[PDB]
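First up is the structure itself, then whatever we jot down about it.
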Amino acid sequence: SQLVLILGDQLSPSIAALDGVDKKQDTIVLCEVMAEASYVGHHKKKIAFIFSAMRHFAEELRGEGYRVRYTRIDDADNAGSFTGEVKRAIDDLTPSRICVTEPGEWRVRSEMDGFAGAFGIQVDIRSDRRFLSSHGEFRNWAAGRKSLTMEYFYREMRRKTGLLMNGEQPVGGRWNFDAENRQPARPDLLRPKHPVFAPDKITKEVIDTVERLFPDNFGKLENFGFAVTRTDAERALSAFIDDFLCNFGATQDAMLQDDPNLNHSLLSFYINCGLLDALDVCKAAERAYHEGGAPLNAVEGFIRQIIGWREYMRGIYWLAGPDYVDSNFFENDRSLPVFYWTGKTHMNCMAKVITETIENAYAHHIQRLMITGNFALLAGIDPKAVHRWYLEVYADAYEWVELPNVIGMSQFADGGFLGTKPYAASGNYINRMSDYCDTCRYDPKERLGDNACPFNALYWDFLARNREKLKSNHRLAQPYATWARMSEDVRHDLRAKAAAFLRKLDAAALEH
Ligand SMILES: Cc1cc2nc3c(=O)[nH]c(=O)nc-3n(C[C@H](O)[C@H](O)[C@H](O)COP(=O)(O)OP(=O)(O)OC[C@H]3O[C@@H](n4cnc5c(N)ncnc54)[C@H](O)[C@@H]3O)c2cc1C
Ligand SMILES: Cc1nc2c(=O)[nH]c(=O)nc-2n(C[C@H](O)[C@H](O)[C@H](O)CO)c1C
Ligand code: SF4
């Protein structure tokens with residue numbers, strides 16, 4: 001008789017561990033434990049969401065005839081940790097085998113690997129069939145090509161899945177439609193609202209418990225709208241197909257002060273805990289393309305994010321090992337500035353995106369990359385500090401998908417290891433791709449003076465102090481040509497003004 005453990009990001013009735021259990025003999029185990037709610041200061045909505053999806057997933061299995069042992073975060077004898085809770089079940093149920101799908105973070109794998117030695121019982125750790133690449137396939141694909149790019153990997157995934165494939169060639173005779181393409185942003189009022197799901201009896205009781213036990217944690221619980229059931233996630237899926245998919249590629253890089261969502265799917269939360277399955281999400285997009293419902297560039301652009309980037313980040317996470325988090329190519333040591341936790345700044349773009357994060361635990365891609373992520377980079381923040389923030393604040397964050405986005409893509413803390421170019425940009429970009437500057441106190445056209453946006457001076461300071469590590473980068477080559485053309489006292493004034501702002505952040509970091 002078997003003890004099946006299921007982790008909080010594995011809430012799927014065909015997870016690897018349920019393959020061939022005996023509903024009479026065996027016992028599924030789920031547990032809310034303090035070790036996983038507290039290894040980082042998660043956003044309140046993140047904890048509430050995960051807890052509520054677990055309690056709902058527990059009810060799901062029970063209705064399907066499974067023996068389910070559930071341990072609540074506040075239960076009397078809660079042991080506090082996976083190891084502890086599995087121990088309590090072993091004296092309780094005395095199984096002859098523990099079954100578990102492989103976890104999604106290094107830390108958790110560490111604990112899972114200590115099970116067998118610590119309990120003297122067979123532990124069967126199963127590989128996670130939700131992912132198209134095993135660790136073994138990806139390692140071997142990476143070996144025999146000393147340069148890693150998503151594009152060459154994504155090519156393989158299209159072949160392997162047959163998604164958007166005419167047997168042997170890609171639909172429309174291009175793997176990529178990057179893009180068909182761009183163009184400025186519009187506050188389209190004739191745009192449907194993204195779905196919201198009002199909290200039920202379970203979710204309300206978890207909302208109350210989270211506010212009682214994690215009172216000093218990041219984020220507001222008000223306006224909880226996440227789907228916590230499988231049915232509601234599949235409704236979030238079909239609403240995106242029906243209402244937003246056909247404009248996905250059009251508005252992809254745009255930011256609107258008044259539109260936190262535009263045309264994105266808002267599914268990462270569900271895909272990443274098993275409520276939605278990645279390959280089914282992709283097939284629905286493709287099914288919609290063949291029924292005329294969206295253009296080729298929106299669908300391929302959308303599938304590219306899932307079977308391309310998300311699958312590739314996972315691969316990069318395990319390939320790089322646990323100390324990838326120590327990557328600090330630029331040798332930064334500055335603390336994460338204070339307003340990342342308060343939203344209280346006069347940089348209108350930083351204030352909007354951080355306020356959105358506070359209140360919804362969501363911000364879409366270009367926001368994570370070019371607002372908060374770009375500022376961190378230019379300001380020279382310790383990448384470990386940035387990594388903690390991104391893992392804590394967003395309700396779709398687990399280390400495997402967060403860490404390579406932060407270290408590799410955003411902060412370039414690994415010197416371009418995962419193939420991307422560096423995303424440093426001045427306030428010229430933000431003015432082009434948003435309306436944030438319109439109501440901002442600074443001017444995105446000024447570099448010096450009391451009301452220049454600090455992204456401008458910080459942009460050039462960042463190129464100037466790291467010139468040695470970046471001069472050979474055929475992407476910054478034009479900026480450096482622009483730098484050298486500036487008179488000497490101008491380059492001096494820009495770097496002094498960069499320092500004045502840098503000083504103002506360090507002064508604040510000291511008061512705490
Ligand atoms: C600094 C930084 C931190 C990030 N942290 C996370 C994170 O913690 N969790 C997370 O899931 N994504 C993360 N991303 C990737 C991306 O920003 C999010 O997937 C996206 O915001 C999810 O929103 P959505 O579901 O509306 O995406 P959409 O724009 O609707 O994208 C469609 C789907 O593609 C997937 N996807 C898109 N981009 C990526 C990517 N770069 N890597 C992996 N999957 C992707 C998501 O599953 C998403 O649901 C991060 C990106 C950056 C630049
Ligand atoms: C906040 C939180 N709480 C739990 C929990 O109570 N029980 C659980 O099984 N999982 C939780 N998780 C997700 C895990 O910490 C971890 O990040 C995933 O297991 C990734 O493999 C999270 C993120
Ligand atoms: S000006 Fe520079 S600072 Fe003010 S919003 Fe535009 S970008 Fe943010």
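Ordering of the structure tokens sets the chain letters (A, B, ...), residue numbers begin anew at 1 in every chain, and ligands are numbered from 1 in the order given.
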Skipping near chain neighbours, those fewer than 6 positions away, what residues fall within 9 Å of residue 253 (chain A) using only C-alpha atoms, listed as a PDB file with N, CA, C and O atoms, in the first residue's frame?
ATOM      1  N   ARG A 182       4.020  45.393 -34.939  1.00  0.00           N
ATOM      2  CA  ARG A 182       4.102  46.151 -33.691  1.00  0.00           C
ATOM      3  C   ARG A 182       3.007  47.207 -33.548  1.00  0.00           C
ATOM      4  O   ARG A 182       1.821  46.869 -33.443  1.00  0.00           O
ATOM      5  N   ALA A 185       0.136  52.062 -28.900  1.00  0.00           N
ATOM      6  CA  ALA A 185      -0.947  51.518 -28.093  1.00  0.00           C
ATOM      7  C   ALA A 185      -2.167  52.422 -28.108  1.00  0.00           C
ATOM      8  O   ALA A 185      -2.067  53.645 -28.237  1.00  0.00           O
ATOM      9  N   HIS A 365       4.356  40.799 -19.160  1.00  0.00           N
ATOM     10  CA  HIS A 365       5.771  40.509 -19.371  1.00  0.00           C
ATOM     11  C   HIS A 365       6.606  41.778 -19.460  1.00  0.00           C
ATOM     12  O   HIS A 365       7.554  41.967 -18.689  1.00  0.00           O
ATOM     13  N   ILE A 366       6.278  42.650 -20.411  1.00  0.00           N
ATOM     14  CA  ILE A 366       7.111  43.814 -20.692  1.00  0.00           C
ATOM     15  C   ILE A 366       7.224  44.704 -19.462  1.00  0.00           C
ATOM     16  O   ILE A 366       8.208  45.436 -19.311  1.00  0.00           O
ATOM     17  N   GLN A 367       6.220  44.654 -18.569  1.00  0.00           N
ATOM     18  CA  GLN A 367       6.289  45.383 -17.307  1.00  0.00           C
ATOM     19  C   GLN A 367       7.354  44.793 -16.401  1.00  0.00           C
ATOM     20  O   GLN A 367       8.185  45.519 -15.853  1.00  0.00           O
ATOM     21  N   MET A 433       6.380  53.124 -25.692  1.00  0.00           N
ATOM     22  CA  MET A 433       5.569  51.929 -25.485  1.00  0.00           C
ATOM     23  C   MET A 433       4.556  52.089 -24.363  1.00  0.00           C
ATOM     24  O   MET A 433       4.012  51.089 -23.890  1.00  0.00           O
ATOM     25  N   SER A 434       4.309  53.308 -23.900  1.00  0.00           N
ATOM     26  CA  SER A 434       3.368  53.508 -22.809  1.00  0.00           C
ATOM     27  C   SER A 434       2.873  54.944 -22.815  1.00  0.00           C
ATOM     28  O   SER A 434       3.341  55.798 -23.578  1.00  0.00           O
TER      29      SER A 434
END
**OP:** Name the residues, by chain letter and number, that sit within 6 Å of ligand 2 using only C-alpha atoms and all ligand atoms, and give them as a PyMOL selection string.
**Re:** chain A and resi 7-9+31-33+36-37+47+103-105+398
Could the residues in this selection be written to a file with C-alpha atoms, as a PDB file, in the first residue's frame?
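Output contents, as saved in again.pdb:
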ATOM      1  CA  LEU A   7       2.873  19.223  -4.136  1.00  0.00           C
ATOM      2  CA  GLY A   8       1.000  22.488  -4.399  1.00  0.00           C
ATOM      3  CA  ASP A   9       2.126  23.158  -7.989  1.00  0.00           C
ATOM      4  CA  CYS A  31      -0.264  19.578   3.277  1.00  0.00           C
ATOM      5  CA  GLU A  32      -0.040  23.299   3.836  1.00  0.00           C
ATOM      6  CA  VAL A  33       3.243  23.715   5.743  1.00  0.00           C
ATOM      7  CA  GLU A  36       6.846  26.368   2.029  1.00  0.00           C
ATOM      8  CA  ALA A  37       4.785  29.441   2.953  1.00  0.00           C
ATOM      9  CA  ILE A  47      -0.500  32.063  -0.484  1.00  0.00           C
ATOM     10  CA  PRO A 103       9.470  19.087  -7.593  1.00  0.00           C
ATOM     11  CA  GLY A 104      10.027  22.384  -9.351  1.00  0.00           C
ATOM     12  CA  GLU A 105      12.714  23.935  -7.132  1.00  0.00           C
ATOM     13  CA  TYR A 398       8.342  29.406  -8.699  1.00  0.00           C
TER      14      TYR A 398
END
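When only C-alpha atoms and all ligand atoms are used to compute distances to ligand 1, the closest of the residues A:200, A:92, A:280, A:156 turns out to be A:280.
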Original post:
Got a sec to check which residues lie within 8 Å of ligand 3, using only C-alpha atoms and all ligand atoms, and send them as an MDAnalysis selection string?
Top reply: chainID A and resid 346:350 371 426:431 435:444 452:456
I need the chosen residues saved as a CSV table (one decimal), in the first residue's frame, with N, CA and C atoms.
chain,number,residue,atom,x,y,z
A,346,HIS,N,8.1,58.8,-7.3
A,346,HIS,CA,7.6,59.8,-8.3
A,346,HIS,C,7.8,59.3,-9.7
A,347,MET,N,8.5,58.2,-9.9
A,347,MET,CA,8.6,57.6,-11.3
A,347,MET,C,7.2,57.0,-11.5
A,348,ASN,N,6.4,57.6,-12.3
A,348,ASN,CA,5.0,57.2,-12.5
A,348,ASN,C,4.9,55.8,-13.0
A,349,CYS,N,5.9,55.4,-13.9
A,349,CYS,CA,5.8,54.0,-14.4
A,349,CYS,C,6.2,53.0,-13.3
A,350,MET,N,7.1,53.3,-12.5
A,350,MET,CA,7.5,52.4,-11.4
A,350,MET,C,6.3,52.4,-10.4
A,371,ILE,N,10.2,47.8,-16.9
A,371,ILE,CA,10.0,48.8,-15.9
A,371,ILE,C,10.8,48.4,-14.7
A,426,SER,N,16.6,53.5,-22.0
A,426,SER,CA,16.3,54.8,-21.3
A,426,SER,C,14.8,55.1,-21.4
A,427,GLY,N,14.4,56.1,-20.7
A,427,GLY,CA,13.0,56.6,-20.7
A,427,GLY,C,12.4,56.9,-22.1
A,428,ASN,N,13.3,56.9,-23.2
A,428,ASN,CA,12.8,57.0,-24.5
A,428,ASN,C,11.9,55.8,-24.9
A,429,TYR,N,12.3,54.6,-24.5
A,429,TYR,CA,11.5,53.4,-24.7
A,429,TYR,C,10.2,53.5,-24.1
A,430,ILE,N,10.2,53.9,-22.8
A,430,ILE,CA,8.9,53.9,-22.0
A,430,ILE,C,7.9,54.9,-22.5
A,431,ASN,N,8.4,56.0,-23.1
A,431,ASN,CA,7.6,57.0,-23.7
A,431,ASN,C,7.0,56.4,-25.0
A,435,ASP,N,1.9,55.2,-22.0
A,435,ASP,CA,1.4,56.5,-21.7
A,435,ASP,C,1.7,56.9,-20.2
A,436,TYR,N,2.7,56.2,-19.6
A,436,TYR,CA,3.1,56.4,-18.3
A,436,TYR,C,3.7,57.8,-18.1
A,437,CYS,N,4.5,58.3,-19.1
A,437,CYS,CA,5.1,59.6,-19.0
A,437,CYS,C,4.2,60.7,-19.1
A,438,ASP,N,3.0,60.6,-19.6
A,438,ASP,CA,2.1,61.7,-19.8
A,438,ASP,C,1.8,62.4,-18.5
A,439,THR,N,1.5,61.6,-17.5
A,439,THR,CA,1.2,62.2,-16.2
A,439,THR,C,2.3,62.1,-15.2
A,440,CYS,N,3.5,61.8,-15.7
A,440,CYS,CA,4.7,61.8,-14.8
A,440,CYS,C,5.3,63.2,-14.7
A,441,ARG,N,5.9,63.4,-13.5
A,441,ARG,CA,6.5,64.7,-13.2
A,441,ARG,C,7.8,64.9,-14.0
A,442,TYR,N,8.5,63.8,-14.3
A,442,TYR,CA,9.7,64.0,-15.1
A,442,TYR,C,9.3,64.1,-16.6
A,443,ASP,N,10.3,64.6,-17.3
A,443,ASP,CA,10.3,64.6,-18.8
A,443,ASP,C,11.2,63.5,-19.3
A,444,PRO,N,10.7,62.7,-20.2
A,444,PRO,CA,11.5,61.6,-20.8
A,444,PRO,C,12.5,62.2,-21.8
A,452,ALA,N,14.5,65.5,-15.1
A,452,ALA,CA,14.7,64.5,-16.1
A,452,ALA,C,14.3,63.1,-15.5
A,453,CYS,N,13.8,62.2,-16.4
A,453,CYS,CA,13.5,60.9,-15.8
A,453,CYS,C,14.8,60.3,-15.5
A,454,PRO,N,15.0,59.7,-14.3
A,454,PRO,CA,16.3,59.0,-13.9
A,454,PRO,C,16.7,57.9,-14.8
A,455,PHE,N,15.8,57.3,-15.6
A,455,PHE,CA,16.2,56.2,-16.5
A,455,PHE,C,17.2,56.7,-17.5
A,456,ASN,N,17.2,58.0,-17.9
A,456,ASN,CA,18.1,58.5,-18.9
A,456,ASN,C,19.5,58.5,-18.4
**OP:** Pick out each residue of region 88-126 of chain A that DSSP on the backbone tags as strand (DSSP E); I need them as a list in words.
**Re:**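 Taking region 88-126 of chain A and keeping strand (DSSP E) only, one gets residues 98, 99, 100, 101, 123, 124, 125 and 126 of chain A.
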**OP:** Pick out the closest residue to ligand 1 from this set: A:201, A:55, A:24, A:388. Count only C-alpha atoms and all ligand atoms.
**Re:**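 Residue with the minimum atom-to-atom distance to ligand 1: A:388.
Excluding residue 52 (chain A) and any residue on its chain fewer than 6 positions from it, the residues at most 9 Å away by only C-alpha atoms are residues 202, 203, 204, 205, 206, 207, 228 and 229 of chain A.
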Subject >> Within 8 Å of ligand 1, counting only C-alpha atoms and all ligand atoms, residues as a PyMOL selection string >> reply: chain A and resi 248+252+261+263-269+271-272+278+302-306+309-313+362-370+372-373+390-391+394-399+401-403+405-406+409-411
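Between CA of residue 383 (chain A) and CA of residue 332 (chain A) the interatomic distance comes to 7.2 Å.
CA of residue 158 (chain A) lies 16.0 Å from CA of residue 134 (chain A).
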Subject >> Distance query residue 240 (chain A) at most 12 Å, only C-alpha atoms, self and fewer than 5 positions along chain excluded, as a count of residues only >> reply: 27
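The closest residue to residue 512 (chain A), picked from A:338, A:425, A:352, A:494 and counting only C-alpha atoms, is A:338.
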Would you mind listing what lies within 9 Å of region 1-5 of chain A as a PDB file with N, CA, C and O atoms, in the first residue's frame, with only C-alpha atoms counted and same-chain residues fewer than 2 positions away left out?
ATOM      1  N   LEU A   7       2.428  17.891  -4.481  1.00  0.00           N
ATOM      2  CA  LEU A   7       2.873  19.223  -4.136  1.00  0.00           C
ATOM      3  C   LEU A   7       1.889  20.255  -4.672  1.00  0.00           C
ATOM      4  O   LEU A   7       1.030  19.956  -5.506  1.00  0.00           O
ATOM      5  N   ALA A  17       2.523  11.018 -10.181  1.00  0.00           N
ATOM      6  CA  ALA A  17       2.454  10.174  -8.997  1.00  0.00           C
ATOM      7  C   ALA A  17       1.179   9.342  -8.934  1.00  0.00           C
ATOM      8  O   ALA A  17       1.167   8.318  -8.240  1.00  0.00           O
ATOM      9  N   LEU A  18       0.103   9.758  -9.625  1.00  0.00           N
ATOM     10  CA  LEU A  18      -1.182   9.064  -9.581  1.00  0.00           C
ATOM     11  C   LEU A  18      -1.279   7.958 -10.614  1.00  0.00           C
ATOM     12  O   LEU A  18      -2.333   7.325 -10.733  1.00  0.00           O
ATOM     13  N   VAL A  21      -2.258   4.137  -9.004  1.00  0.00           N
ATOM     14  CA  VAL A  21      -2.583   3.970  -7.599  1.00  0.00           C
ATOM     15  C   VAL A  21      -3.871   3.164  -7.502  1.00  0.00           C
ATOM     16  O   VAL A  21      -4.613   3.006  -8.476  1.00  0.00           O
ATOM     17  N   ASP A  22      -4.112   2.618  -6.312  1.00  0.00           N
ATOM     18  CA  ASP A  22      -5.269   1.790  -5.998  1.00  0.00           C
ATOM     19  C   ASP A  22      -6.117   2.613  -5.046  1.00  0.00           C
ATOM     20  O   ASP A  22      -5.726   2.804  -3.891  1.00  0.00           O
ATOM     21  N   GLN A  25      -6.514   1.039  -1.670  1.00  0.00           N
ATOM     22  CA  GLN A  25      -5.351   0.792  -0.826  1.00  0.00           C
ATOM     23  C   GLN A  25      -4.658   2.089  -0.420  1.00  0.00           C
ATOM     24  O   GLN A  25      -4.264   2.254   0.744  1.00  0.00           O
ATOM     25  N   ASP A  26      -4.490   3.006  -1.366  1.00  0.00           N
ATOM     26  CA  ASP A  26      -3.479   4.047  -1.276  1.00  0.00           C
ATOM     27  C   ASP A  26      -4.069   5.342  -0.744  1.00  0.00           C
ATOM     28  O   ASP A  26      -5.285   5.529  -0.687  1.00  0.00           O
ATOM     29  N   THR A  27      -3.181   6.257  -0.367  1.00  0.00           N
ATOM     30  CA  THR A  27      -3.594   7.470   0.329  1.00  0.00           C
ATOM     31  C   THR A  27      -2.842   8.656  -0.243  1.00  0.00           C
ATOM     32  O   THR A  27      -1.611   8.728  -0.135  1.00  0.00           O
ATOM     33  N   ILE A  28      -3.594   9.580  -0.844  1.00  0.00           N
ATOM     34  CA  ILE A  28      -3.025  10.826  -1.331  1.00  0.00           C
ATOM     35  C   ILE A  28      -2.814  11.760  -0.157  1.00  0.00           C
ATOM     36  O   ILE A  28      -3.672  11.856   0.734  1.00  0.00           O
ATOM     37  N   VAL A  29      -1.682  12.465  -0.157  1.00  0.00           N
ATOM     38  CA  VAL A  29      -1.335  13.394   0.906  1.00  0.00           C
ATOM     39  C   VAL A  29      -1.101  14.775   0.311  1.00  0.00           C
ATOM     40  O   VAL A  29      -0.379  14.916  -0.673  1.00  0.00           O
ATOM     41  N   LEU A  30      -1.741  15.775   0.884  1.00  0.00           N
ATOM     42  CA  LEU A  30      -1.510  17.185   0.599  1.00  0.00           C
ATOM     43  C   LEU A  30      -1.404  17.923   1.924  1.00  0.00           C
ATOM     44  O   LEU A  30      -2.149  17.625   2.864  1.00  0.00           O
ATOM     45  N   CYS A  31      -0.481  18.882   2.005  1.00  0.00           N
ATOM     46  CA  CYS A  31      -0.264  19.578   3.277  1.00  0.00           C
ATOM     47  C   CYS A  31       0.185  21.012   3.050  1.00  0.00           C
ATOM     48  O   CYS A  31       1.142  21.272   2.313  1.00  0.00           O
ATOM     49  N   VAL A  86       5.166  14.051   6.129  1.00  0.00           N
ATOM     50  CA  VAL A  86       5.266  12.675   5.641  1.00  0.00           C
ATOM     51  C   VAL A  86       5.608  11.709   6.780  1.00  0.00           C
ATOM     52  O   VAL A  86       5.182  10.546   6.771  1.00  0.00           O
ATOM     53  N   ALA A  89       2.466  10.815   8.620  1.00  0.00           N
ATOM     54  CA  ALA A  89       1.634   9.879   7.876  1.00  0.00           C
ATOM     55  C   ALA A  89       2.193   8.465   7.922  1.00  0.00           C
ATOM     56  O   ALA A  89       1.428   7.500   7.858  1.00  0.00           O
ATOM     57  N   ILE A  90       3.515   8.320   8.055  1.00  0.00           N
ATOM     58  CA  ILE A  90       4.125   6.990   7.998  1.00  0.00           C
ATOM     59  C   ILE A  90       3.786   6.170   9.243  1.00  0.00           C
ATOM     60  O   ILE A  90       3.435   4.994   9.133  1.00  0.00           O
ATOM     61  N   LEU A  93      -0.170   5.605   8.621  1.00  0.00           N
ATOM     62  CA  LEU A  93      -0.656   4.724   7.570  1.00  0.00           C
ATOM     63  C   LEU A  93       0.273   3.552   7.279  1.00  0.00           C
ATOM     64  O   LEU A  93      -0.128   2.639   6.550  1.00  0.00           O
ATOM     65  N   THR A  94       1.486   3.545   7.856  1.00  0.00           N
ATOM     66  CA  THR A  94       2.567   2.576   7.630  1.00  0.00           C
ATOM     67  C   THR A  94       2.581   2.016   6.212  1.00  0.00           C
ATOM     68  O   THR A  94       2.262   0.834   6.007  1.00  0.00           O
ATOM     69  N   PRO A  95       2.937   2.829   5.219  1.00  0.00           N
ATOM     70  CA  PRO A  95       2.990   2.352   3.840  1.00  0.00           C
ATOM     71  C   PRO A  95       4.277   1.588   3.565  1.00  0.00           C
ATOM     72  O   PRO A  95       5.226   1.583   4.356  1.00  0.00           O
ATOM     73  N   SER A  96       4.289   0.917   2.416  1.00  0.00           N
ATOM     74  CA  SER A  96       5.476   0.199   1.983  1.00  0.00           C
ATOM     75  C   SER A  96       6.162   0.909   0.828  1.00  0.00           C
ATOM     76  O   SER A  96       7.086   0.353   0.227  1.00  0.00           O
ATOM     77  N   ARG A  97       5.739   2.144   0.524  1.00  0.00           N
ATOM     78  CA  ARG A  97       6.307   2.919  -0.568  1.00  0.00           C
ATOM     79  C   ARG A  97       5.733   4.329  -0.618  1.00  0.00           C
ATOM     80  O   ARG A  97       4.528   4.517  -0.466  1.00  0.00           O
ATOM     81  N   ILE A  98       6.590   5.319  -0.830  1.00  0.00           N
ATOM     82  CA  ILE A  98       6.200   6.708  -1.032  1.00  0.00           C
ATOM     83  C   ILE A  98       6.337   7.008  -2.518  1.00  0.00           C
ATOM     84  O   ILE A  98       7.363   6.686  -3.131  1.00  0.00           O
ATOM     85  N   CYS A  99       5.322   7.644  -3.090  1.00  0.00           N
ATOM     86  CA  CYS A  99       5.336   8.030  -4.491  1.00  0.00           C
ATOM     87  C   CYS A  99       5.196   9.544  -4.613  1.00  0.00           C
ATOM     88  O   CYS A  99       4.309  10.133  -3.985  1.00  0.00           O
ATOM     89  N   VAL A 100       6.049  10.177  -5.422  1.00  0.00           N
ATOM     90  CA  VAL A 100       5.948  11.622  -5.616  1.00  0.00           C
ATOM     91  C   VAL A 100       6.513  11.998  -6.984  1.00  0.00           C
ATOM     92  O   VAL A 100       7.542  11.466  -7.410  1.00  0.00           O
ATOM     93  N   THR A 101       5.823  12.921  -7.669  1.00  0.00           N
ATOM     94  CA  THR A 101       6.365  13.578  -8.859  1.00  0.00           C
ATOM     95  C   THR A 101       7.501  14.526  -8.443  1.00  0.00           C
ATOM     96  O   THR A 101       7.508  15.068  -7.332  1.00  0.00           O
TER      97      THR A 101
END
Original post:
Can you list, as a VMD selection string, every residue of region 165-213 of chain A that DSSP puts in helix (DSSP H, G or I)?
Top reply: chain A and resid 171 to 173 201 to 213
Subject >> A:243, A:216, A:382, A:356 ranked by distance to residue 42 (chain A), top pick (using only C-alpha atoms) >> reply: A:216
**OP:** Give me, please, the distance in Å between CA of residue 297 (chain A) and CA of residue 174 (chain A), quoted to one decimal.
**Re:** 10.3 Å
Subject >> Which residue of A:384, A:160, A:497, A:230 approaches residue 59 (chain A) most closely, using only C-alpha atoms >> reply: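 Comparing A:384, A:160, A:497, A:230 against residue 59 (chain A), the winner is A:230.
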**OP:** Have a look at A:48, A:361, A:35, A:463 and name the one nearest to residue 82 (chain A); count only C-alpha atoms.
**Re:**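 When distances to residue 82 (chain A) are compared using only C-alpha atoms, the smallest one comes from A:35.
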Which residues, written as a JSON list (two decimals) with N, CA and C atoms, in the first residue's frame, have at least one atom at most 12 Å from residue 34 (chain A), with only C-alpha atoms counted and residues fewer than 6 positions away on the same chain left out?
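Generated file (selection.json):
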[["chain", "number", "residue", "atom", "x", "y", "z"],
["A", 40, "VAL", "N", 10.22, 32.37, 1.46],
["A", 40, "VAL", "CA", 10.27, 33.75, 1.03],
["A", 40, "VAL", "C", 8.95, 34.40, 1.44],
["A", 41, "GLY", "N", 8.97, 35.72, 1.60],
["A", 41, "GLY", "CA", 7.76, 36.42, 1.97],
["A", 41, "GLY", "C", 6.77, 36.54, 0.83],
["A", 42, "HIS", "N", 6.10, 35.44, 0.49],
["A", 42, "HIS", "CA", 5.15, 35.44, -0.62],
["A", 42, "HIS", "C", 4.06, 36.49, -0.44],
["A", 47, "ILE", "N", -0.21, 33.08, -1.49],
["A", 47, "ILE", "CA", -0.50, 32.06, -0.48],
["A", 47, "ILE", "C", -1.98, 31.70, -0.52],
["A", 51, "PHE", "N", -3.22, 27.92, -1.37],
["A", 51, "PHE", "CA", -3.95, 27.17, -0.36],
["A", 51, "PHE", "C", -5.36, 26.83, -0.84],
["A", 71, "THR", "N", -3.68, 18.22, 5.41],
["A", 71, "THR", "CA", -3.15, 18.91, 6.58],
["A", 71, "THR", "C", -3.21, 20.40, 6.32],
["A", 72, "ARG", "N", -3.97, 21.11, 7.14],
["A", 72, "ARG", "CA", -4.13, 22.55, 6.98],
["A", 72, "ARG", "C", -3.05, 23.31, 7.75],
["A", 73, "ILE", "N", -2.66, 24.46, 7.19],
["A", 73, "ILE", "CA", -1.64, 25.35, 7.74],
["A", 73, "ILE", "C", -1.82, 25.62, 9.23],
["A", 74, "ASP", "N", -3.07, 25.54, 9.71],
["A", 74, "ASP", "CA", -3.41, 25.86, 11.09],
["A", 74, "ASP", "C", -3.88, 24.66, 11.89],
["A", 75, "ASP", "N", -3.88, 23.46, 11.30],
["A", 75, "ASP", "CA", -4.25, 22.25, 12.03],
["A", 75, "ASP", "C", -3.37, 22.04, 13.27],
["A", 78, "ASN", "N", 0.08, 19.96, 13.01],
["A", 78, "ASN", "CA", 0.84, 20.18, 11.77],
["A", 78, "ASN", "C", 2.34, 20.18, 12.05],
["A", 79, "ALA", "N", 3.07, 19.38, 11.28],
["A", 79, "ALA", "CA", 4.49, 19.18, 11.56],
["A", 79, "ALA", "C", 5.38, 20.29, 11.00],
["A", 80, "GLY", "N", 4.91, 21.06, 10.02],
["A", 80, "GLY", "CA", 5.59, 22.26, 9.57],
["A", 80, "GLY", "C", 6.34, 22.13, 8.25],
["A", 81, "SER", "N", 6.59, 20.91, 7.79],
["A", 81, "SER", "CA", 7.48, 20.69, 6.66],
["A", 81, "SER", "C", 7.04, 19.44, 5.93],
["A", 82, "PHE", "N", 7.48, 19.32, 4.68],
["A", 82, "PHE", "CA", 7.13, 18.10, 3.95],
["A", 82, "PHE", "C", 7.64, 16.87, 4.69],
["A", 83, "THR", "N", 8.94, 16.87, 5.05],
["A", 83, "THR", "CA", 9.52, 15.76, 5.81],
["A", 83, "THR", "C", 8.70, 15.47, 7.05],
["A", 84, "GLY", "N", 8.38, 16.51, 7.82],
["A", 84, "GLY", "CA", 7.62, 16.30, 9.04],
["A", 84, "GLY", "C", 6.25, 15.70, 8.79],
["A", 85, "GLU", "N", 5.53, 16.25, 7.81],
["A", 85, "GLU", "CA", 4.18, 15.78, 7.56],
["A", 85, "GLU", "C", 4.18, 14.37, 6.98],
["A", 210, "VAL", "N", -5.16, 33.48, 5.90],
["A", 210, "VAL", "CA", -3.93, 34.11, 5.42],
["A", 210, "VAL", "C", -3.72, 35.48, 6.07],
["A", 213, "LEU", "N", -2.42, 34.90, 9.66],
["A", 213, "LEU", "CA", -1.12, 34.28, 9.91],
["A", 213, "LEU", "C", 0.03, 34.96, 9.19],
["A", 214, "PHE", "N", -0.24, 35.70, 8.13],
["A", 214, "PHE", "CA", 0.82, 36.36, 7.37],
["A", 214, "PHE", "C", 0.54, 37.85, 7.29]]
